[PDB]
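Trainee: I am attaching a structure below and will ask some questions about it afterwards.
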Number of protein chains: 2
Amino acid sequence: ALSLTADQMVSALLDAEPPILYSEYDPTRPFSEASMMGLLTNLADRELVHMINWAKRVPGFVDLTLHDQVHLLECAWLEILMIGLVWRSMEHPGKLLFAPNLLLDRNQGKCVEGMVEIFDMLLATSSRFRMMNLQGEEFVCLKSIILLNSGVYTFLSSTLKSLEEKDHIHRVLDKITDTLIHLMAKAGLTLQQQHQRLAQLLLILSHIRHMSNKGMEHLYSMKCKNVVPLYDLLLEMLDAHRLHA
Amino acid sequence: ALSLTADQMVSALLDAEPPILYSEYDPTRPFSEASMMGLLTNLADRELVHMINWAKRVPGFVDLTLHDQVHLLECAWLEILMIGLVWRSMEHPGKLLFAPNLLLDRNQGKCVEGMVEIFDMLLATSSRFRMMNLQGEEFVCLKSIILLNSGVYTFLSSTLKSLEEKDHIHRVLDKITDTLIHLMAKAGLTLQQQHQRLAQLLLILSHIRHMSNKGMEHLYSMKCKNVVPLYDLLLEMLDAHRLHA
Ligand SMILES: C[C@@H](COc1ccc([C@@H]2Oc3ccc(O)cc3S[C@@H]2c2ccc(O)cc2)cc1)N1CCCC1
Ligand SMILES: C[C@@H](COc1ccc([C@@H]2Oc3ccc(O)cc3S[C@@H]2c2ccc(O)cc2)cc1)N1CCCC1
């Protein structure tokens, strides 16, 4: 990502995109019988495996230590799931496309206590994306910034290693800024519109953080999975051998 | 803020800055006897009055409806308190300057259950500001963006009035982006450094949001004041007559 061109970062990120998964329920069977949170939790857990694969293809990420990769993902995984959900919901006003076979409106969120509040925030984000005409190339840049940025301030220590890690991350974020600006210039925005649009995009990331924080608060009202710490499951997933090479 | 120059926004914001308040405790008396949360809560409540005064001097803010002013402040007040705290702590590594007569280190945070975690996040933000060499002129721009941005996505409705309000806010944020870019150009940064520094600044705002959200979670473990809704107290403060004109 540090000698990669702007055109090469954009292609690398497009190449890395995870697949769109389906909800797992029998579509020949009724709906009142379904646990909406079970459906959503099962979907999200399945996406997480693919998020790990994606993160390893973000330029610069695997040059980090395993521990720092785990930390970043532990800090950003729900933001990353949510921006992906808002992105595929963009062309579906008033609805959230959790999966191609699971498209829910706000009243379907009332089904779970405290969940309509989260739905409403997600829906508003999707509407802002649509109104901004967010582009596929801009979205993958944003998703990678979330991955690199959300946990970069909470690394405990400040060892030599740690200082080098933070420098490298800030260097990669810098190149993704250069890429976003490059995309906007290519599109024919003036200098002035570029910086304004860059700021508009980056401020949405503070809303996504808000949504992740609220969603974490909401998810922690027990019912879901909280077995084995998240660190450990992420590490297991991230700490791959190379035998299947 | 919409026909204001970049030089006029910067001066308007510098002019609007609130005063630095002191902690209210008898400095002739011992410390173990002090409620650290009482001291911090009393300080923060006193700052809030001055925050309302400041917000009314941010270009564009008072052109909003009273209700929308209340909403923005309800969404941003803790972020705004925290960025002010990190800013005055910048030149005090390892310590948080809550007031000139109340300078606390992380171990003094352990005094309150769950508070050291918040202190540690604040301290790390202060260190990042220092390392970035954040400037007084950049800080007031950031503080005003927080005020305008944090609640702009959660307005319920979408009345004509509401749509006009959102447009105006996004227009003001745009001019503050123009101002930040103007400040950086004046300082002699290249085009490339400007956009990179703009992005570095705006991404810190996602960390400040995180800290506010965590702090709200922490403050809600009862002991503090939660009497009369915050909306209502903000409204009271904001809904001024003009008789003392
Ligand atoms: C905690 C469990 C389940 O996590 C979940 C479960 C459900 C969802 C909910 O469903 C999805 C499903 C896929 C997707 O890409 C996004 C979301 S968001 C939504 C949600 C989030 C928070 C909230 O308060 C209400 C709804 C999102 C995450 N595992 C997640 C991976 C590690 C543990
Ligand atoms: C809720 C009460 C008190 O709010 C407070 C009380 C204390 C502080 C704590 O003390 C200050 C004091 C001044 C300042 O500018 C910032 C902070 S931050 C800190 C804090 C915040 C969250 C947390 O979990 C732990 C420490 C910040 C806000 N009133 C606030 C205005 C309306 C109600």
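For the structure tokens, the naming scheme is as follows: chains receive sequential letters (A, B, ...) according to their order of presentation, residues are indexed from 1 within each chain, and ligands are indexed from 1 in presentation order.
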Taking only C-alpha atoms into account, which residues of chain B are within 6 Å of chain A, as number ranges by chain?
Mentor: B: 174, 196, 206
Trainee: Can I get the residues close to ligand 2 as number ranges by chain, where close means within 8 Å and we count only C-alpha atoms and all ligand atoms?
Mentor: B: 37-48, 77-78, 80-85, 98-99, 114-115, 118-119, 211-212, 214-219, 224-226, 230
Trainee: Quick one: distance from CA of residue 58 (chain B) to CA of residue 13 (chain B) in Å, one decimal?
Mentor: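 The value is 6.4 Å.
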Trainee: Go through B:166, B:88, B:110, B:95 one by one, measure the shortest atom-to-atom distance of each to residue 129 (chain B) using only C-alpha atoms, and give the residue with the smallest value.
Mentor: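 Result for the nearest residue to residue 129 (chain B): B:88.
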Trainee: With distances taken over only C-alpha atoms and all ligand atoms, which of A:100, A:59, A:30, A:188 is nearest to ligand 1?
Mentor: A:100
Trainee: Give the answer as one residue: which of A:182, A:56, A:106, A:241 has the shortest atom-to-atom distance to ligand 1, using only C-alpha atoms and all ligand atoms?
Mentor: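 Answer, going by the shortest atom-to-atom distance: A:106.
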Trainee: Report as a PyMOL selection string: the residues of region 6-212 of chain B with a DSSP assignment of alpha helix (DSSP H), based on the backbone of this structure.
Mentor: chain B and resi 6-16+36-57+66-89+106-109+115-132+136-149+160-186+191-212
Trainee: What is the CA of residue 234 (chain A)-atom 1 (C, counted along the ligand's line) of ligand 1 distance in Å, reported with one decimal?
Mentor: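 Calculated distance between CA of residue 234 (chain A) and atom 1 (C, counted along the ligand's line) of ligand 1 is 12.5 Å.
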Trainee: Once DSSP has gone over the backbone, tell me which residues of region 4-240 of chain A are in strand (DSSP E or B), as a ChimeraX atom specification.
Mentor: /A:95-99,102-105
Trainee: Emit the selected residues as a PDB file, in the first residue's frame, including N, CA and C atoms.
Mentor:
ATOM      1  N   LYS A  95     -35.547  -0.261   3.469  1.00  0.00           N
ATOM      2  CA  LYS A  95     -35.259  -1.643   3.838  1.00  0.00           C
ATOM      3  C   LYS A  95     -33.779  -1.924   4.016  1.00  0.00           C
ATOM      4  N   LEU A  96     -33.481  -2.929   4.841  1.00  0.00           N
ATOM      5  CA  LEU A  96     -32.113  -3.377   5.030  1.00  0.00           C
ATOM      6  C   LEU A  96     -31.946  -4.755   4.395  1.00  0.00           C
ATOM      7  N   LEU A  97     -31.064  -4.865   3.412  1.00  0.00           N
ATOM      8  CA  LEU A  97     -30.747  -6.101   2.714  1.00  0.00           C
ATOM      9  C   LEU A  97     -29.712  -6.904   3.505  1.00  0.00           C
ATOM     10  N   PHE A  98     -30.173  -7.612   4.543  1.00  0.00           N
ATOM     11  CA  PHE A  98     -29.218  -8.374   5.345  1.00  0.00           C
ATOM     12  C   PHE A  98     -28.597  -9.480   4.499  1.00  0.00           C
ATOM     13  N   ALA A  99     -29.394 -10.088   3.636  1.00  0.00           N
ATOM     14  CA  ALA A  99     -29.063 -11.053   2.605  1.00  0.00           C
ATOM     15  C   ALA A  99     -30.066 -10.924   1.459  1.00  0.00           C
ATOM     16  N   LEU A 102     -33.201 -11.996   2.584  1.00  0.00           N
ATOM     17  CA  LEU A 102     -33.626 -11.521   3.910  1.00  0.00           C
ATOM     18  C   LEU A 102     -33.579 -10.000   3.891  1.00  0.00           C
ATOM     19  N   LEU A 103     -34.681  -9.429   3.418  1.00  0.00           N
ATOM     20  CA  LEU A 103     -34.843  -7.985   3.272  1.00  0.00           C
ATOM     21  C   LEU A 103     -35.892  -7.480   4.261  1.00  0.00           C
ATOM     22  N   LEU A 104     -35.463  -6.747   5.280  1.00  0.00           N
ATOM     23  CA  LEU A 104     -36.311  -6.295   6.369  1.00  0.00           C
ATOM     24  C   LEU A 104     -36.453  -4.769   6.430  1.00  0.00           C
ATOM     25  N   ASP A 105     -37.682  -4.342   6.683  1.00  0.00           N
ATOM     26  CA  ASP A 105     -38.136  -2.984   6.907  1.00  0.00           C
ATOM     27  C   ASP A 105     -38.109  -2.653   8.398  1.00  0.00           C
TER      28      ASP A 105
END
Trainee: Can you tell me, as a PDB file with C-alpha atoms, in the first residue's frame, what residues are no more than 12 Å from residue 64 (chain B) when counting only C-alpha atoms, ignoring any on the same chain fewer than 2 positions away?
Mentor:
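For reference, result22.pdb as written:
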ATOM      1  CA  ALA B  55     -22.592  26.937  20.139  1.00  0.00           C
ATOM      2  CA  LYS B  56     -24.746  29.986  19.523  1.00  0.00           C
ATOM      3  CA  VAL B  58     -20.734  28.946  15.729  1.00  0.00           C
ATOM      4  CA  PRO B  59     -21.631  30.319  12.254  1.00  0.00           C
ATOM      5  CA  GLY B  60     -24.886  28.745  11.055  1.00  0.00           C
ATOM      6  CA  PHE B  61     -25.943  27.162  14.346  1.00  0.00           C
ATOM      7  CA  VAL B  62     -28.546  29.689  15.466  1.00  0.00           C
ATOM      8  CA  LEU B  66     -34.586  25.525  18.462  1.00  0.00           C
ATOM      9  CA  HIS B  67     -35.502  21.838  18.384  1.00  0.00           C
ATOM     10  CA  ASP B  68     -32.630  21.002  16.015  1.00  0.00           C
ATOM     11  CA  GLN B  69     -30.151  23.009  18.095  1.00  0.00           C
ATOM     12  CA  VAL B  70     -31.266  20.994  21.149  1.00  0.00           C
ATOM     13  CA  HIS B  71     -30.855  17.691  19.305  1.00  0.00           C
ATOM     14  CA  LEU B  72     -27.358  18.474  18.044  1.00  0.00           C
ATOM     15  CA  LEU B 148     -22.824  20.054  13.542  1.00  0.00           C
ATOM     16  CA  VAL B 152     -27.234  15.234  11.824  1.00  0.00           C
ATOM     17  CA  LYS B 161     -38.186  21.991   7.221  1.00  0.00           C
ATOM     18  CA  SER B 162     -36.062  19.029   8.234  1.00  0.00           C
ATOM     19  CA  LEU B 163     -34.674  18.551   4.762  1.00  0.00           C
ATOM     20  CA  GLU B 164     -33.790  22.268   4.575  1.00  0.00           C
ATOM     21  CA  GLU B 165     -32.087  21.987   7.981  1.00  0.00           C
ATOM     22  CA  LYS B 166     -29.932  19.071   6.908  1.00  0.00           C
ATOM     23  CA  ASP B 167     -28.931  20.868   3.722  1.00  0.00           C
ATOM     24  CA  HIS B 168     -27.841  23.945   5.609  1.00  0.00           C
ATOM     25  CA  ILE B 169     -25.846  21.913   8.098  1.00  0.00           C
ATOM     26  CA  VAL B 172     -21.800  24.705   6.893  1.00  0.00           C
ATOM     27  CA  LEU B 238     -31.110  27.417  24.555  1.00  0.00           C
TER      28      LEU B 238
END
Trainee: Counting only C-alpha atoms and all ligand atoms, which of A:240, A:16, A:52, A:134 gets nearest to ligand 1?
Mentor: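 Using only C-alpha atoms and all ligand atoms, the shortest distance to ligand 1 belongs to A:52.
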Trainee: Suppose you want the space between CA of residue 231 (chain A) and CA of residue 74 (chain A); what is it in Å?
Mentor: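 For CA of residue 231 (chain A) relative to CA of residue 74 (chain A), the distance reads 6.4 Å.
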